[PDB]
Every structure is written in structure tokens, then in C-alpha cells.
>>> print(open('target-v8.cif').read())   # mmCIF, C-alpha atoms and all ligand atoms
data_coords
loop_
_atom_site.label_atom_id
_atom_site.label_comp_id
_atom_site.auth_asym_id
_atom_site.auth_seq_id
_atom_site.Cartn_x
_atom_site.Cartn_y
_atom_site.Cartn_z
CA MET A 1 105.78 61.08 98.73
CA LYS A 2 105.12 63.94 101.12
CA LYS A 3 105.08 66.66 98.49
CA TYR A 4 103.38 69.44 100.41
CA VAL A 5 102.02 72.80 99.33
CA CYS A 6 101.87 76.38 100.56
CA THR A 7 98.59 77.71 101.92
CA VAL A 8 99.15 81.23 100.65
CA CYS A 9 100.53 81.04 97.14
CA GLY A 10 101.00 77.35 96.43
CA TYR A 11 104.56 76.11 96.07
CA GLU A 12 104.72 72.33 96.00
CA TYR A 13 107.87 71.47 97.91
CA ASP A 14 110.11 68.54 97.07
CA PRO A 15 111.52 66.68 100.10
CA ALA A 16 113.25 64.16 97.87
CA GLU A 17 114.95 67.15 96.30
CA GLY A 18 115.49 69.68 99.07
CA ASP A 19 115.71 73.43 98.68
CA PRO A 20 118.63 75.47 97.32
CA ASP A 21 116.96 78.76 98.12
CA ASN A 22 118.00 78.13 101.70
CA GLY A 23 120.23 75.11 101.23
CA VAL A 24 118.76 71.64 101.64
CA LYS A 25 119.78 68.23 100.35
CA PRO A 26 117.57 65.73 98.52
CA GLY A 27 115.68 63.15 100.54
CA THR A 28 115.04 65.63 103.33
CA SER A 29 111.77 66.27 105.12
CA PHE A 30 110.06 69.64 105.40
CA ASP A 31 109.81 69.24 109.15
CA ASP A 32 113.57 68.89 108.95
CA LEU A 33 113.73 72.29 107.30
CA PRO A 34 114.84 75.19 109.50
CA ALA A 35 112.48 77.53 111.30
CA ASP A 36 113.91 80.45 109.35
CA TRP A 37 112.77 78.52 106.30
CA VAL A 38 109.72 79.87 104.50
CA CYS A 39 107.98 79.34 101.18
CA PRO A 40 110.65 80.90 98.95
CA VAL A 41 107.95 82.12 96.59
CA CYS A 42 105.56 84.30 98.56
CA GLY A 43 107.05 84.38 102.04
CA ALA A 44 104.46 82.51 104.08
CA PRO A 45 106.09 80.70 107.00
CA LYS A 46 106.74 76.97 106.95
CA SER A 47 104.02 76.92 109.58
CA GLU A 48 101.65 77.59 106.70
CA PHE A 49 102.53 74.38 104.90
CA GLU A 50 100.61 71.12 104.75
CA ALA A 51 100.79 67.81 102.93
CA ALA A 52 98.04 67.78 100.33
NI NI B 1 103.79 80.58 99.40
#
>>> encode(input="target-v8.cif", output="C-alpha cells")
Amino acid sequence: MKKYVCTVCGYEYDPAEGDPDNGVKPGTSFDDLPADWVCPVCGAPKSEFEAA
């Protein structure tokens, strides 16, 4: 229940799912994501992500 969103394009991330774009398992936390990880939609850095 931490579904965040991008502050550039708007790509609701799923922590309970992960992220194949880069390679993440379900039940993971964004913060857990790598630094080289970025909104795989626009580009914005993970630093531009917040929990709405
Ligand atoms: Ni974005």
C-alpha cells in the first residue's frame, strides 16, 4: 500500500509487483530499487518519486 507516482509523467509503481523493466520481484519497496532505476516511462529519476 505504498503505490507511489512519478512527478514528471505519472507512472504509479507497484511495490507488491516489482519492475521487470529493470528486474524487480513482487513485494519489494521502491526505496529498495536501485539508484540506476528510473521511471521506465519518461525517464525521471527515482528521486522524483513520491507516495501519493
Ligand atoms: Ni515518469
>>> residues_near_ligand(input="target-v8.cif", ligand="ligand NI 1 (chain B)", cutoff="6 Å", atoms="all atoms listed in the file", output="list in words")
residues 6, 8, 9, 10, 11, 39, 41, 42, 43 and 44 of chain A
>>> atom_distance(input="target-v8.cif", atom1="CA of residue 16 (chain A)", atom2="CA of residue 46 (chain A)")
17.0 Å
>>> atom_distance(input="target-v8.cif", atom1="CA of residue 51 (chain A)", atom2="CA of residue 30 (chain A)")
9.8 Å
>>> residues_around(input="target-v8.cif", residues="region 20-24 of chain A", least_positions_apart="4", cutoff="9 Å", atoms="only C-alpha atoms", output="list in words")
residues 15, 28, 33, 34, 36, 37, 38 and 40 of chain A
>>> closest_residue(input="target-v8.cif", among="A:32, A:25, A:3, A:14", to="residue 50 (chain A)", atoms="all atoms listed in the file")
A:3
>>> atom_distance(input="target-v8.cif", atom1="CA of residue 49 (chain A)", atom2="CA of residue 13 (chain A)")
9.3 Å
>>> closest_residue(input="target-v8.cif", among="A:26, A:7, A:31, A:17", to="residue 48 (chain A)", atoms="all atoms listed in the file")
A:7
>>> axis_aligned_box(input="target-v8.cif", around="region 34-41 of chain A", padding_each_side="4 Å", output="lines of an AutoDock Vina configuration file")
center_x = 111.4
center_y = 78.7
center_z = 103.9
size_x = 14.9
size_y = 14.9
size_z = 22.7
